[PDB]
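The structure appears right after this line, and notes come after that.
Basis: the model, the stated rules and, where named, an outside source; nothing here is a laboratory result. Cβ coordinates were reconstructed from backbone atoms using ideal geometry, including for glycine residues, and neighbour counts include every protein chain displayed.
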Amino acid sequence: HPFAXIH
Amino acid sequence: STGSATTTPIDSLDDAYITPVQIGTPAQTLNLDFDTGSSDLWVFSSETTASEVXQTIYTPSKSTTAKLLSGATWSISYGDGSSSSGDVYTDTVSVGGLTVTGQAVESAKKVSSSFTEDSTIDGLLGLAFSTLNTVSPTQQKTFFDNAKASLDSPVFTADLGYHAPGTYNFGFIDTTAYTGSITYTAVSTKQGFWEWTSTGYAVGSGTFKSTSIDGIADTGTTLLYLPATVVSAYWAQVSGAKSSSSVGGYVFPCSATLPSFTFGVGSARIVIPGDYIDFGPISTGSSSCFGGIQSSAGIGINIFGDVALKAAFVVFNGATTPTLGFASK
C-alpha cells in the first residue's frame, strides 16, 4: 500500500 | 535544545512511519507522518468534514495557545494523488521534547479519501524547505525552520527501522546510531526538496556504475524510485522478476533471495539489503511479491524513499547552505 507524499 | 522521538511503521509493510507530535495547550498528541518531501504541518481537526474523519483530531478551541492566522488558507496535493485543504492556526508544537512556539498548524477542513482510509495517520509534518509550504497569502515555516534558533545544531536525523521502531532526532547527531562515518553531499534547494546527486549504483556483488542520479530524500515515500535503466539492471538479476502492467510495477516470486542494491554518496556506499527490497506479497498469501525498487518514469523525479532511507542513518543538515549526510548502520 505504498505512499508517495508535494505535487 | 534537542528533541528525540520514536517513529513506528504503520503496518507490516513499512508503508509509512508515524511519530507522535504534541500540539496545543494542554498538549494534544497526534501521530503524524514526517515527510521530508513536503513542507506543511497539517492535521485532522474538529473542522474536518465529519464524513471524512474515520484518526485523532486536533481541536483548536481546546488549546489556549492556538491563534487563528487571519485570512490564511492552505491546499496541498501529493504525488500519490492525495490532498487536503483548510485554514491555519499558530500554536505550540513539541516533538520529542523540543518545543516550538508559534508554529503554523494547518487545520484540515477536508481530506481526500486515502487519508480518511488510513486510520493510523492523523496528519503530516513536512520537513522539506519552507518555499514549498502551501499557506497563502504568506507561506509558513516548517517545524524544523522554526526550531533552528533554539537547536544545539541546525540538524535533524532520520533513523527509520526495518519492520521496527526508529528515531527522529532534532539538534544533535547520535554517534552510537550508526557505524563508520557520515559522508555529506551537496543539496540543491532550487525545487524546495532535499535534492542531491548520487554518484552511482551497484546491483548485488556486481560493478559500481558511475552515473549521476539526481533525486530527493523523501521519508514520506515508501519505495525507491530510480531511472528505468537502473531499475531494469536490478531486476535482471532476479530470475522470476517481471514488469506487471496490471499490478503497476516489477513483481517477483516471494521466495526469492534478492540481491542488495548499493547507491553512492560521494565516495561512500550505502547498501540496501535484498530483504529490504522484498516489499511484500501482492495480497496476503500470494506467491507474487511487489518490488521495493521501481521506475521513477511515472513520477518524474528520482525518489530515495523509505526502502533506501531505512538502510541508513540520514542527516538533514539545515545550515544556511544545507547538506545531506548518510552513514551505514
Complete set of residues in segment B:261-290 that are of a type outside the set (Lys, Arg) and under 17 Å from residue B:211 (Cα atoms): B:261, B:262, B:263, B:264, B:265, B:266, B:267, B:268, B:270, B:271
Just a yes or no: is a residue in segment B:55-77 in a loop (DSSP other than H, G, I, E, B), out of contact with any helix residue (DSSP H, G or I) (no Cβ under 8 Å at 6 or more places or on another chain) and within 14 Å of chain A (Cβ to nearest Cβ)? no
Residues of segment B:100-138 classified as acidic (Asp, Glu) and more than 18 Å from the chain's Cα centre (by Cα), total: 2
Yes or no: segment B:84-99 includes at least one residue that is on the phi < 0 side of the Ramachandran plot, in a loop (DSSP other than H, G, I, E, B) and surrounded by fewer than 20 Cβ atoms within 10 Å (Cβ to Cβ). no
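Buried (at least 17 other Cβ atoms within 10 Å of the Cβ), closer than 21 Å to residue B:220 by Cβ and not assigned by CATH to the domain that holds residue B:154, is that true of residue B:238?
On the way: buried (at least 17 other Cβ atoms within 10 Å of the Cβ): yes; closer than 21 Å to residue B:220 by Cβ: no; not assigned by CATH to the domain that holds residue B:154: yes.
For residue B:238, the condition - buried (at least 17 other Cβ atoms within 10 Å of the Cβ), closer than 21 Å to residue B:220 by Cβ and not assigned by CATH to the domain that holds residue B:154 - is not met.
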So which of B:148, B:141 is basic (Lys, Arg), closer than 25 Å to residue B:321 by Cβ, under 19 Å from the mean Cα position of the chain (by Cα) and outside the structural domain of residue B:216 (by CATH)? B:141
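Just for segment B:38-53: of the residues that are among the hydrophobic types (A, V, I, L, M, F, W, C) and more than 20 Å from residue B:6 (Cα to Cα), which one is nearest to the other protein chains (Cβ to nearest Cβ)?
Applying the first criterion (among the hydrophobic types (A, V, I, L, M, F, W, C)) to segment B:38-53 yields B:41-44, B:50, B:53.
Checking which are more than 20 Å from residue B:6 (Cα to Cα) leaves us with B:44, B:50, B:53.
On the way: B:44: 17, B:50: 25, B:53: 20 Å.
Ranking the qualifying residues of segment B:38-53, first place goes to B:44.
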Give the number of residues within segment B:129-150 that are within 20 Å of residue B:22 (Cα to Cα) and crowded, with 21+ Cβ neighbours inside 10 Å. 5
Of the residues B:8, B:19, only one is within 15 Å of residue B:125 (Cα to Cα), in contact (Cβ under 8 Å) with a residue 24 or more places away in the chain, in contact with a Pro (Cβ under 8 Å, 6 or more places away or on another chain) and not aromatic (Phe, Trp, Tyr); which? B:8
Which members of segment B:279-311 meet the condition of being part of a strand (DSSP E or B) and farther than 14 Å from residue B:242 by Cα? B:279, B:280, B:281, B:302, B:303, B:304
In segment B:3-37, residues that are within 14 Å of another protein chain (Cβ to nearest Cβ), in a loop (DSSP other than H, G, I, E, B) and crowded, with 18+ Cβ neighbours inside 10 Å total 6
Please state which of the following conditions residue B:163 fails to meet, knowing it meets all the rest: (1) in contact (Cβ under 8 Å) with a residue 60 or more places away in the chain; (2) not assigned by CATH to the domain that holds residue B:96. (2)
Please specify each residue of segment B:199-225 satisfying the condition of being in a strand (DSSP E or B), surrounded by 14 or more Cβ atoms within 10 Å (Cβ to Cβ), more than 14 Å from chain A (Cβ to nearest Cβ) and in contact (Cβ under 8 Å) with a residue 60 or more places away in the chain. B:199, B:200, B:201, B:202, B:213
State all residues of segment B:272-327 that are among the hydroxyl-bearing types (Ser, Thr, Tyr), more than 19 Å from the chain's Cα centre (by Cα) and surrounded by 15 or more Cβ atoms within 10 Å (Cβ to Cβ); if no residue qualifies, say none. B:288
For residues that are part of a loop (DSSP other than H, G, I, E, B) and either more than 10 Å from chain A (Cβ to nearest Cβ) or among the β-branched types (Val, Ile, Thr) (or both), tally how many sit in segment B:118-133. 5
Pairs, please: C-beta under 7 Å, at least 6 apart or cross-chain, first residue outside any strand (DSSP E or B) and in segment B:102-113, second buried (at least 24 other Cβ atoms within 10 Å of the Cβ)? B:112/B:84
Within segment B:151-167, considering residues that are within 14 Å of the chain's Cα centre (by Cα) and farther than 15 Å from residue B:95 by Cβ, the one surrounded by the most Cβ atoms within 10 Å (Cβ to Cβ): B:160
Would you point out the residue of segment B:175-190, among those that are free of Cβ contacts under 8 Å to residues at least 40 places away in the same chain and loosely packed, with under 14 Cβ neighbours inside 10 Å, that is nearest to the chain's Cα centre (by Cα)? B:190
